[PDB]
Amino acid sequence: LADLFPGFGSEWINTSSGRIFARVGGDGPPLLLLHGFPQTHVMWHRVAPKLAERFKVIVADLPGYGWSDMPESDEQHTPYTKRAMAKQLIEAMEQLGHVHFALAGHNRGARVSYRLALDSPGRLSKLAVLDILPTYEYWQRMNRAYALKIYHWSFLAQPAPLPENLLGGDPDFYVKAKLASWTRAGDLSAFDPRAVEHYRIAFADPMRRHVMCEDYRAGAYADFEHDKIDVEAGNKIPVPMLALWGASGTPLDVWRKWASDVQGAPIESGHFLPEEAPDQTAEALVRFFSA
Amino acid sequence: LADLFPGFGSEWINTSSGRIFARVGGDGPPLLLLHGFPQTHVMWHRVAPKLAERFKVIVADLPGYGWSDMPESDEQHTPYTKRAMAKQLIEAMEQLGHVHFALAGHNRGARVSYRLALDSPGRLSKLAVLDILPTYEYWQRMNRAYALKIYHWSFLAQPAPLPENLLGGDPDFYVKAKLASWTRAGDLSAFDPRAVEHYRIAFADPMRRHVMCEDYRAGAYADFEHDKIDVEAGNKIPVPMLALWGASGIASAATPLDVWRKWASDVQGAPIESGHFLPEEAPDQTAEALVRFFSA
Ligand SMILES: [Ca+2]
Ligand SMILES: [Cl-]
Ligand SMILES: [Cl-]
Ligand SMILES: [Cl-]
Ligand SMILES: [Cl-]
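Residues numbered from 1 in each chain as written, not as in the entry; some residues may be left out. Chains lettered and ligands numbered in written order. Heavy atoms only, no water.

Per the PDB record, this model was obtained through X-ray crystallography at a reported resolution of 1.5000 Å.

Naming follows the PDB entry, where chain B appears as Fluoroacetate dehalogenase of Rhodopseudomonas palustris. Looking at chain B in UniProt, the text filed under Function (literature references left out) is "Catalyzes the hydrolytic defluorination of fluoroacetate to produce glycolate. Has lower activity towards chloroacetate and bromoacetate." Per UniProt, chain B has the following entry under Sequence similarities: "Belongs to the AB hydrolase superfamily. Epoxide hydrolase family." (UniProt positions renumbered as here; feature names shortened; annotations may be inferred.)

As recorded in the PDB entry, chain A goes by Fluoroacetate dehalogenase and comes from Rhodopseudomonas palustris. Among the UniProt annotations of chain A, the heading Function (literature references left out) holds the following wording: "Catalyzes the hydrolytic defluorination of fluoroacetate to produce glycolate. Has lower activity towards chloroacetate and bromoacetate." You can read under Subunit in the UniProt record for chain A the words "Homodimer."

Shown next, in the form of structure tokens:
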């Protein structure tokens, strides 16, 4: 496994729920970067350098993912709820003495991020979310066309062991199919092969895959309900926020419903903005987080 | 594999699209029985003897299922569309000299059946559908709770070879889990173990699995488009119809009967205490309901 972060340290950060693994580089105001599925912190390898020109950059494995520890789940999937993951990451940032920080997330990491902003807005100076809408909104959108396009939200959420049994037969195929499927190219050409190997190695462990299904189960159940409470209470994120989305991945209209100070832009990209479109993504993040 | 229809004959019926395998028995008016997923013709073995006391019973493997031939599919999943399957079975019944017949279907076979009624009503005296709503209605009703409850429609419809790869690792565990999950009890108790072994053997063949995924791909795309034309046109099935469903089955807020009255101008229906698999979970009632409906 390659080291894709030149001049970044490696840290295991203790919390009440388990260690968080992170690469740590740069100096300046703090900025936490959060990956999603089916990836690890390594998905920021092409944009983290440019950000570390200006910021202290903490590139973390989500709870249960990568090299972060795997908290024991329960019947409500609690530790893989976005609320619980945000709590845990707030504790990890406290271990570094960071109680007010900038945050960027992609995919599941972006869900942790907007949940963090809704639960504990005082922790954040600014927030960016990459190629997501809120979990509640994707579910409200779940008609035939969405059921088909985002099938994994229902499949990965089926009760255990149904997805875990299926994924065990050829995990490398499934992780690669997901990576490829959501890019513009439709193949793995946007990805550094070294990064792909990190994603494959993680995905090859049955325990890591179970956690991913627990995350999707939370996505179907508790995370949806948590979001529902906020949309019913009329709660909006007050933190200044950026919504980036892939031309092939209006979103800004959705996020204006959820957030009182939001700006946004498309990027010519599939889902995987930091790897498909690293210059445009890095440029937009530096410009937002600098201001 | 066991013979679950002792005394019934066996026919391999040629058609332009491929052979249809069937068991044939009884005497009287012709009645075609069509299974669905993940099963074969054997799922009728508990009701067939009873129906055979009053009808000439033709128990057919769907195109691509069981021992029927597997046509090569295409980008629109054509041979595994219900419209194509109906055409094919019309041909198979004409090889037997049946141009006007009664029909009962379950699951995919029920979908073939109502599409056959929409396309070619003159072929049918009467039709019964077991534990389904129209494909259009499944999709239109889609929301978070239905997506989570019945996920396989969207999963198996993913582009090849994604479901095929995932199902190839441990096919037995998937087929058996589906069978159990859809019953009232949630286990395999309702099924004769010899019938389970027919289903398992069929499912163990990668080609048969690919057919089942093409059937669900048709279900997500062309079948859905064919139904949408009909419902947007206000076309109703004119053939007298029965809708039977399981109280704990797969088939809406509205009862299934109320869904079907939108699609059919002469429809009756009833629930049975059962999961999805009416002819195995509730054979006596299912047989009774059918004999009464088709004999009236
Ligand atoms: Ca002939
Ligand atoms: Cl996501
Ligand atoms: Cl999203
Ligand atoms: Cl249905
Ligand atoms: Cl019964």
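## A look at the sheet that holds strand 7 (residues 241–246) of chain A
Residues and elements named next belong to chain A. One open sheet accounts for 8 strands, arranged 1-2-4-3-5-6-7-8; its pairing is mixed. Each edge of the sheet is formed by a strand with only one pairing partner; in this case those strands are strand 1 (9–13) and strand 8 (262–267). Strand-to-strand twist in this sheet, taken as the mean axis angle between neighbours without regard to direction, amounts to 20°. Examined bridge by bridge, strand 3 (residues 30–34) and strand 4 (residues 56–60) share 5 bridges and lie parallel to one another. (Pairing = 2+ DSSP bridges. Helix = DSSP H or I, 4+ residues; strand = E, 2+ residues; numbered from the N terminus. Axes fitted to C-alpha atoms, helices over the stretch in contact; angles between N-to-C directions.)

## Details of the interface of chain B and chain A
If you look at the interface, chain B gives 24 residues, while chain A gives 26 residues. Both faces combined, the contact of chain B with chain A buries some 2,200 Å², and carbon together with sulfur accounts for 69% of it. Counting the surface chain B buries against chain A, the share from its top three residues, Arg144(B), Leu148(B) and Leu166(B), is 32%. If you look at where chain B meets chain A, you find 0 salt bridges. If you look at where chain B meets chain A, you find 5 residue pairs in polar contact. Elements supplying a minimum of two residues to the side of chain B that touches chain A: helix 5 (144–149), helix 6 (152–156), helix 7 (162–168) and helix 8 (171–181) of chain B. Per-element tally for the side of chain B that touches chain A: the top contributor is helix 7 of chain B, with 4 residues. In terms of residue class, the side of chain B that touches chain A is made up of 16 nonpolar, 5 polar and 3 charged. (Contact = heavy atoms within 4.5 Å. Buried area = accessible area lost by both parts, 1.4 Å probe. Salt bridge = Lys/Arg side-chain N within 4 Å of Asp/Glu carboxyl O. Polar contact = N/O pair within 3.5 Å; in protein donor to acceptor, adjacent residues only side chain to side chain. Nonpolar A, V, L, I, M, F, W, Y, C, P; charged D, E, K, R; others polar.)

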